[PDB]
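Enquirer: got the complex split up, this is the first portion:
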Amino acid sequence: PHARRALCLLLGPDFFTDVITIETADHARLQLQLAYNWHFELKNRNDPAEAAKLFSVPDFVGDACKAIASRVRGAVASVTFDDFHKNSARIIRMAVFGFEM
Amino acid sequence: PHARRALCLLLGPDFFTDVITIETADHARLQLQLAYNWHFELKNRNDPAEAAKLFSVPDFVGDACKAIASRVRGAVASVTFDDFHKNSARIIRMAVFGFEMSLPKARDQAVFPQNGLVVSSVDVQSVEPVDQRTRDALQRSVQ
């Protein structure tokens, strides 16, 4: 919840070294590591309000890691293990974002 | 009920580090952690009454955590465990707020008209059974 405190808010391309514990529909408890290649998308750096809106969230890494952890854990628990283990990379990716392509 | 006392009422986007214990229709006692991505929605900061209405509730985090805890615990207790465990993320989310959207997924916003607090997302991570013998019997199901 709270370990690094640095005043320089890193906003460039980077990833979160995160791991999450989840349970599946077959009651097979399994935990996994995620990457989360992220960045901040400012369409107007000159704008004061939009640039100051960066610091609206006090734990942006914790907010993103928490939000996504719920999106995976919820979807994976309504899916069988043998199907997950096999086709994991697909359903885990589309569960955290988007609708179709 | 009462641990932080700070005079600076945080109103920006944040979450509540909360956990709740609930029972389901199959009498399977299981407790889980919630997130509650919240913020305050002031449509007029210049207004004195509406801005002073922020401090109407004396325990805004306790009020929201209590209110939602009842909305989950009530709905989950009238639902079977095997259905819950599988489709938890759906019913727990729509139980705390909204009515439908497209019957359908309820919405992604609960407003508290007492003070102006509004909860946007309610992420969940650990739906663990409280009883040990329960989780042992569930280990056979996966095995």
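Expert: All right, it came through fine. Numbers count the residues shown, from 1 in each chain, chains lettered A, B, ... in the order given.
Enquirer: tell me the residues of chain A that contact chain B?
Expert: Residues of chain A found near chain B (CB under 8 Å from any CB of the partner chain) are A:1, A:20-29, A:56-59, A:62-63, A:66-67, A:69-71, A:73-75, A:77-78, A:81. Where you see a C-beta, it was placed from the backbone N, CA and C, and this is true even at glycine.
Enquirer: mind redoing it with 6 Å?
Expert: When proximity is defined by CB under 6 Å from any CB of the partner chain, chain A lies next to chain B at A:25-28, A:56-58, A:66-67, A:69-70, A:73-74, A:77-78.
Enquirer: list the contacts of residue A:56.
Expert: Counting by CB atoms under 6 Å, 6 or more residues apart in numbering or on different chains, residue A:56 makes contact with B:12-13.
Enquirer: my bad, should have said residue A:80
Expert: By CB under 6 Å, 6+ apart, the contact set of residue A:80 is A:25-26.
Enquirer: which helix or strand contains the residue of chain A at minimum distance from chain B?
Expert: Relative to chain B, the nearest point of chain A is residue A:74 (2.3 Å; CB to the nearest CB). For residue A:74, the host element (DSSP states H and E) is helix A:60-76.
Enquirer: now the strands for chain A?
Expert: Secondary structure of chain A by DSSP state E: the strands cover A:18-23, A:29-34.
Enquirer: looking at these, which is buried most?
Expert: Greatest average neighbour count among those goes to strand A:18-23 (a mean of 16), per mean count of other CB atoms under 10 Å in any protein chain shown.
Enquirer: one more, chain C:
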Amino acid sequence: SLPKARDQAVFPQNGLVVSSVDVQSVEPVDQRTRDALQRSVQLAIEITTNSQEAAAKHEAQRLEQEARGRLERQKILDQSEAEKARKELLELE
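Expert: Adding chain C to the chains above:
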């Protein structure tokens, strides 16, 4: 809307009004009660695992039929190709 009653109780003696009445812990007082209820949940899990393995059996039982069903058509097909050559052989024989 019989229906859900409302979300407000007014006390006309003093003006107090109760809006929400959230609840969290409906726990049985007696211990032996909650122990008997622990069987209900421990029973409510085993029949779902039985319905799981039964539905899993039904699938594998279905897969058995449809697997050998197409195999049976392959057999009749292979036996047919034999007759196309056996009749030709029978003429030479």
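Enquirer: next, the buried residues of the helix holding residue A:74.
Expert: Using 16 or more other CB atoms under 10 Å in any protein chain shown as the test for burial, helix A:60-76 gives A:60-63, A:65-66, A:68-76.
Enquirer: helices and strands around the helix or strand encompassing residue C:83, which ones?
Expert: Residue C:83 is part of helix C:31-92, with elements assigned from DSSP H and E. Judged by 3 or more CB pairs under 6 Å, 6 or more residues apart in numbering or on different chains; DSSP states H and E, helix C:31-92 is in contact with helix B:132-142.
Enquirer: run the angle between the helix it packs on and strand B:29-34 for me.
Expert: 80 degrees (axes from the mean of the first three to the mean of the last three CA atoms, to 10 degrees).
Enquirer: one step back: and the angle for the helix holding residue A:74 with helix B:81-96?
Expert: Using the same axes, to 10 degrees, the direction of helix A:60-76 lies 130 degrees away from that of helix B:81-96.
Enquirer: roughly how far out does helix A:60-76 sit from the chain middle?
Expert: Helix A:60-76 sits 5 Å away from the centroid of its parent chain (CA atoms, centre = their mean, to the nearest Å).
Enquirer: ok, residue 23 - contacts?
Expert: Just so you know, I chose chain A. Residue A:23 neighbours (CB under 6 Å, 6+ apart): A:29, A:77.
Enquirer: let me rephrase: I mean chain C.
Expert: residue B:70.
Enquirer: also, this goes in as chain D:
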Amino acid sequence: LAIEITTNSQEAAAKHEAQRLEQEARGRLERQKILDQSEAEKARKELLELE
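Expert: If we add chain D to the chains shown above, we get the following:
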């Protein structure tokens, strides 16, 4: 006693569902069998002509 009969009504209703699922599962399986046996006759008659 008022708890054990509800768990009996629970497992009885749970049995009724699995007992229903048994019938409807093998019911569609039976139609698959007759269908697969029909495709065999479509080829067996053709084979019987060559035989």
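Enquirer: same as before for what packs on helix C:31-92, with chain D this time.
Expert: Counting by 3+ CB pairs under 6 Å, 6+ apart, the packing neighbours recorded for helix C:31-92 are helix B:132-142, helix D:4-50.
Enquirer: one step back: hmm, who's touching the helix holding residue A:74?
Expert: Here helix A:60-76 makes contact (CB under 6 Å, 6+ apart) with A:16, A:18, A:20, A:22, A:24, A:57, A:92, A:95-96, B:35, B:89, B:123-125.
Enquirer: change it to 7 Å
Expert: A:1, A:16, A:18, A:20, A:22, A:24, A:36, A:38, A:57, A:84, A:91-92, A:95-96, B:15, B:35, B:88-89, B:121, B:123-125 (CB atoms under 7 Å, 6 or more residues apart in numbering or on different chains).
Enquirer: geometric centre of chain A: which residue is closest?
Expert: The centre of chain A sits closest to residue A:68, judged by CA atoms, centre = their mean, with a distance of 3.7 Å.
Enquirer: how far away is that one from residue B:3?
Expert: Using CB to CB, to the nearest Å, residue A:68 is found at 29 Å from residue B:3.
Enquirer: ok, now residue C:22?
Expert: 20 Å.
Enquirer: ok, the residue of chain A found nearest chain C - how many residues close by?
Expert: Proximity of chain A to chain C (CB to the nearest CB) peaks at residue A:26, 7.7 Å away. Neighbourhood size, residue A:26 [other CB atoms under 10 Å in any protein chain shown]: 19.
Enquirer: so it makes contact with residue A:81?
Expert: Yes - Residue A:26 is in contact with residue A:81 according to CB atoms under 7 Å; the separation is 4.2 Å.
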